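Below you will find one chain, with nothing else, as structure tokens; this is the form deposited in one PDB entry, and questions on how it binds or moves follow later.
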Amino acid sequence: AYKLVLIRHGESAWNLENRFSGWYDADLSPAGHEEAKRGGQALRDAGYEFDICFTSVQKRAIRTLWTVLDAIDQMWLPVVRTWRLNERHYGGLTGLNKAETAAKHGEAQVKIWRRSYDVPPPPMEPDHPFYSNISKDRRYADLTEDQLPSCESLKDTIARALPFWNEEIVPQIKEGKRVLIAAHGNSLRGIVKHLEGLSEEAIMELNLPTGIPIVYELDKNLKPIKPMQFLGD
């Protein structure tokens, strides 16, 4: 009867969550920060305790985790960060709003990318304003040329998140360690897809709420014994 909690960060600065923020290291907006505080407050009111926390290397998820740990008085917990829990890399679309994306690539192609599980957007090229900012960021300096994405389909995102789940998170859960994961929509999709054994179509329709603790009760085989629960009013 292992217990697992996931939280998806809230709003990021400059409307970036509506602009394919992806691997660009946008901070939380004050509103996104307040959401995290409400979620942490919900975990406290419910008396939740953790033994270890996992997050991405992106500050919007990390600050979400910090806000939560602060709210529940568990700032002393071990924290593990990994690029593998990063948001999906949206390639050349990173930073563009809906109108700019449509104008640049056309409604037909945008619809195809939106509904596809395995078609990536175009690569982020050297002329992209974020190209050097992301690709040469020191935090990814140890990644092999294979590992560092120029773009990702949802399938690619899920493919690189799962090995971390299996090799680092699973063992902790099986040891009775109470895990908290603070990450992004698409990396959490990968975990939820594997947990509940959803299909590609189903995972693409799943939209995890932000700033709300997501609770899983898992059996001995790390299979959910009930549907995901949310904490709050």
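If you superpose the two forms and keep the largest set of C-alpha atoms that fall within 1.5 Å, you have the rigid core. Residues that one form lacks are left out of the comparison. Each residue number is its position in the shown sequence, starting from 1.
Omitted here: the form deposited in another entry. The next part is about that form.
Core-superposed comparison between the shown form and the other one: the Cα of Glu17 travels 2 Å or more. Relative to the superposed rigid core, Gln109 undergoes a CA displacement of at least 2 Å between the shown form and the other one.
Whereas the shown form places them at one spacing, the Cα atoms of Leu208 and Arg115 lie at least 3 Å closer in that other deposited form. Relative to this conformation, an increase of 3 Å or more in the Cα-Cα distance between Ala183 and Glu17 is found in that other deposited form. By the rule of 2 Å per CA over three or more consecutive residues, the rigid core superposition between the shown form and the other one yields shifted runs at 14-18, 98-100, 102-116.
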